[PDB]
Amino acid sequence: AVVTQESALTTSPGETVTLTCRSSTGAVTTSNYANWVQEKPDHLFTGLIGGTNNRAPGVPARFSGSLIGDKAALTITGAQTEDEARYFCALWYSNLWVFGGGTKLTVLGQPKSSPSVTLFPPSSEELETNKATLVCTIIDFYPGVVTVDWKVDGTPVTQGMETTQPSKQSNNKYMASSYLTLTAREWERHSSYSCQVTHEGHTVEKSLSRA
């Protein structure tokens, strides 16, 4: 059994939103004891709903769990700004527990903002070491969701790319950075390098030509 949830959702403060949890194997039922937990900054978890309906003590009335469709659902009636968190769901399959991938929920507390991207070439000092680390910095983007894709000579570089996960900023915006590692030999063989960051449909591509 696989448990699927929406990647991300975005609401504005005061609106009602619904997050769902689908079961690979079949209809979610009462005996899967649908569970909902929230994850806040600095990996702070707290249980919201248990047993498909039951609100943990202390959790505000705003959150509700239920079954709608062949799925388990969490509705946040009149979503508040402090509700921008990650929501995970868990289902019991009479032996084990299966957690879904989590839903990055966004409550717009400020205008949408595009990422400030910048690509750095590999330093001299580094190439000496037979290493070539291309750094792509992604900044002041809001919502906190980005997709990074790397291209070497127009071909999508399928590997050697590691990407950090979004992290808040004091202005409650987010950052991330991606890395592209190659050997100094690899690097020589190519002349066009590109880091393309997509955010809410709009793709910003910062490139560089080596030769």
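One-based numbering along the sequence shown.
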{"item": "Mean C-alpha B-factor comparison - 82 to 90 and 108 to 116, higher one", "value": "108 to 116"}
{"item": "Entry-level comparison of average CA B-factors, 176 to 184 and 46 to 54, reporting the higher stretch", "value": "176 to 184"}
{"item": "Residue, from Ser66, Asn171, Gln38, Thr163, that the PDB entry assigns the highest Cα B-factor", "value": "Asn171"}
{"item": "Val146 - which third its CA temperature factor falls in, relative to the rest of the chain", "value": "lowest"}
{"item": "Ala211 - Cα temperature factor, lowest/middle/highest third of chain", "value": "highest"}
{"item": "Chain thirds of CA B-factor: placement of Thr103", "value": "lowest"}
{"item": "Record-listed C-alpha B factor of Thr29: chain third", "value": "middle"}
{"item": "Chain-wide C-alpha B factor ranking for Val2, given as lowest, middle or highest third", "value": "middle"}
